[PDB]
Each structure stands twice: as C-alpha cells, then as structure tokens.
Amino acid sequence: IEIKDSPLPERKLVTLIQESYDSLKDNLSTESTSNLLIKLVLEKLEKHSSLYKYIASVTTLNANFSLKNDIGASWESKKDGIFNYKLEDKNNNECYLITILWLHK
Amino acid sequence: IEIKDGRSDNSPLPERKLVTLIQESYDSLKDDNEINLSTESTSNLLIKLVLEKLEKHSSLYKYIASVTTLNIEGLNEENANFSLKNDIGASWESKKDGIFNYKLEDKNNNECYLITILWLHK
C-alpha cells in the first residue's frame, strides 16, 4: 500500500489540462464540463505516450472553502504517479479538481 | 476511452459490503476512543484502511482509493448549499474494472469527503 505523491513534464501536463478546459468554456448536449474535460485529457495523453495507461478523475464543486485530493494504490511502483490540478469558474460558481494517474505498462 | 460507471455491478464483492467496508473504516477513525499519534490526515488514514480491507477480500485486483476532502470555513457546512460530484475515465476498456463512489460528511468539523474506489482486474 502506497500513498501516491511521468510520461510528460509537469509543465506540459498543466498546458494539456488548461487548454482542454479553456477550449470548453470558450454545446447542444447535456454532457457536463467535467465529463467533456475528462475525454479531452485522455485523448491527448493517449496521443503522447502508449507506454502508460491513464485514469482521469474530476471532482466538481458548485466564501472560504478548500478542496483537496489524496490517492493511494494497493501496490508500489516508482513509475506510477499522479498530478493534481485545480480549475475555477468564478462566474458559474464552480471549482474543478482534476487528478491524472498514470500506470506504467 | 471509457467513462467508468459508478452504478455498475463489477466489484469483487457486493456493493453492500463495499459500503460497510468504507463506513466502518471511517467510523474507526472518528471513534472518540481513537488516538492518532502521527500527522496522517483522516483522508489518508481512510485510504490505507480501505485498501487493506480490499486486498484481504480479493487479490485478483489492484485497487486505487481516491478521497476528496472539502473543508468549509466561515459558515457551518450544513447551512451551505453546494453539490460535490466525481467523474472518472480510463484510457482503456475492461468490463472487469469498475469504480464505486461514496460520500461521508462530518458536520461537526465542517468537512465532507467523497471517496472513489477503483478496482483493476489483474
């Protein structure tokens, strides 16, 4: 058991996520922002490297609040890792916490 | 790309036993008789307890446990109107991999937890 603390440098991971988001908040379905963000991010990570499997998890929150995430795995691997990123939409009153988890093949 | 279905019957154990596994782990941390001499947060202790109990039930799966902690400052949390949801997607499709979501509230500490369990078939 290991609490987790990459295939891409972190700065690219930020760009990857922030662009997917801005491209949504810039739709005739009822798909949510969070579900659309998840699909975008997984597409683009898949294009970069096939050496990993990817999980993208998004908590949506709709004042003084803090939003944190923790993640543990039942196995240990220095090649598996996570990245957390927070996104806000001050006008629609919504906060997004996205976590990327990569599983080395 | 597959959005994982939170209400699908995939788990190595029935949902009822998943709820119990999680609630009891949580109750074991909030019990007034418990002493934590480490600096590990409730969320991180919950994750360790839940993964332990999942490993004992079935070794045929790898498990991931993710906890979001909402902490509200400046008003009592039961007087606030908010929603706290989670969605999860994976880069591959396994009919045997699945997820389960569960919400725990601590009204007295102005805290809400959203726990997600992911099982990956080996």
Side-chain angles (χ1 to χ4, degrees), chain A residues 1-2 4 6-7 16-17 20 29-60 69-77 79-83 96-105, chain B residues 1-23 25 46-68 84-103 114-122:
Chain A
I1 298 192
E2 197 209 314
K4 306 305 279 187
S6 54
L16 179 51
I17 290 163
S20 299
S29 75
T30 67
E31 292 273 20
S32 68
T33 302
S34 154
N35 277 310
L36 294 184
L37 182 67
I38 283 169
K39 281 152 191 220
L40 273 179
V41 166
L42 291 170
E43 282 161 31
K44 300 185 183 164
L45 281 159
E46 270 176 317
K47 286 211 221 162
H48 185 259
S49 177
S50 322
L51 221 48
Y52 301 76
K53 304 214 272 262
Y54 302 112
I55 292 127
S57 174
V58 175
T59 306
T60 303
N69 194 72
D70 305 286
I71 183 138
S74 63
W75 73 106
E76 30 181 37
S77 179
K79 295 174 260 44
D80 300 341
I82 62 129
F83 183 72
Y96 310 88
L97 190 48
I98 174 147
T99 301
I100 309 305
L101 165 55
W102 51 84
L103 303 179
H104 194 293
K105 282 181 192 150
Chain B
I1 304 166
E2 182 162 270
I3 295 299
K4 287 325 259 188
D5 207 90
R7 294 147 78 134
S8 173
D9 291 344
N10 233 354
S11 193
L13 56 105
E15 217 161 73
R16 134 178 179 164
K17 286 320 172 124
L18 225 36
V19 174
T20 292
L21 193 154
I22 295 177
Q23 194 63 60
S25 303
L46 185 59
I47 286 162
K48 287 189 203 299
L49 278 171
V50 161
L51 290 177
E52 283 163 29
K53 305 185 178 172
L54 289 162
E55 272 174 321
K56 310 313 274 297
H57 279 87
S58 170
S59 58
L60 302 190
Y61 299 77
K62 280 163 169 30
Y63 302 103
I64 285 143
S66 172
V67 178
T68 303
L84 187 65
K85 317 295 209 178
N86 190 260
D87 307 282
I88 291 205
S91 67
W92 74 105
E93 326 187 31
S94 173
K95 307 86 150 77
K96 317 219 233 164
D97 306 348
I99 65 139
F100 176 75
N101 299 301
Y102 196 75
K103 191 173 271 182
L114 187 48
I115 187 167
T116 305
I117 297 315
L118 163 61
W119 46 91
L120 303 171
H121 206 123
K122 295 207 241 216

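Each chain gets a letter, A, B and so on, in the order its sequence line appears, and its residues count up from 1. The analysis underlying the following values was restricted to heavy atoms, covering all of them including side chains, and did not include hydrogens, waters or symmetry mates.
- Note on A:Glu2 versus A:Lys4: salt bridge recorded, some NZ/NE/NH1/NH2 to OD/OE distance being below 4.0 Å.
- Between A:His104 and A:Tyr52, the two ring planes are perpendicular [angle over 60°; tilted spans 30° to 60°].
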Step-by-step side chain to side chain donor-acceptor pair (under 3.5 Å) determination, B:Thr68 to A:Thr59: CA-CA 7 Å; B:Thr68 303; A:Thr59 306; 3.0 Å; yes
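- Residue A:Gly72 comes nearest to B:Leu51 through the heavy atom pair C-CD1, 3.6 Å, listed as atom of the first residue, atom of the second, then distance.
- To the nearest 0.5 Å, atom CG of residue B:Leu46 and atom CD1 of residue B:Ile22 are 7.5 Å apart.
- Between B:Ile117 and B:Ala65 the shortest heavy-atom distance is CD1-CB, 3.7 Å.
- Of the inter-residue distances, the one linking B:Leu120 atom CG with B:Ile99 atom CD1 reads 11.5 Å to the nearest 0.5 angstrom.
- A donor and an acceptor atom, one from each side chain of A:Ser34 and B:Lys85, are nowhere located under 3.5 Å apart.
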Could you walk me through whether B:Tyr102 and B:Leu21 pass side-chain contact (heavy atoms from CB on, under 4.5 Å), step by step? CA-CA 11 Å; B:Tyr102 196 75; B:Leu21 193 154; over 6 Å; no
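- Between A:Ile71 and B:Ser66 the shortest heavy-atom distance is CD1-CB, 4.0 Å.
- Across every non-hydrogen atom of A:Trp102 and A:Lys79, the tightest pair is CD1-O, 3.4 Å.
- The backbone N or O of B:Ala90 sits nowhere less than 3.5 Å from a side-chain atom of B:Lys4 that would complete a donor-acceptor pair.
- Atom CZ of B:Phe100 sits about 4.5 Å away from atom CD of B:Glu15, to the nearest 0.5 Å.
- Contact detail for A:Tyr54 and A:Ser49: the closest heavy-atom pair is OH-O, 2.9 Å.
- Residues B:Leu18 and B:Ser11 form a side-chain contact, since some pair of their non-hydrogen atoms from C-beta on lies under 4.5 Å apart.
- Nearest heavy atoms, A:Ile38 versus B:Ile3: CG2-CD1, 3.6 Å.
- Of the residues A:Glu43, A:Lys39, A:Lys44, the one that meets the side-chain hydrogen bond (donor to acceptor under 3.5 Å, both in side chains) test with A:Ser20 is A:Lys44.
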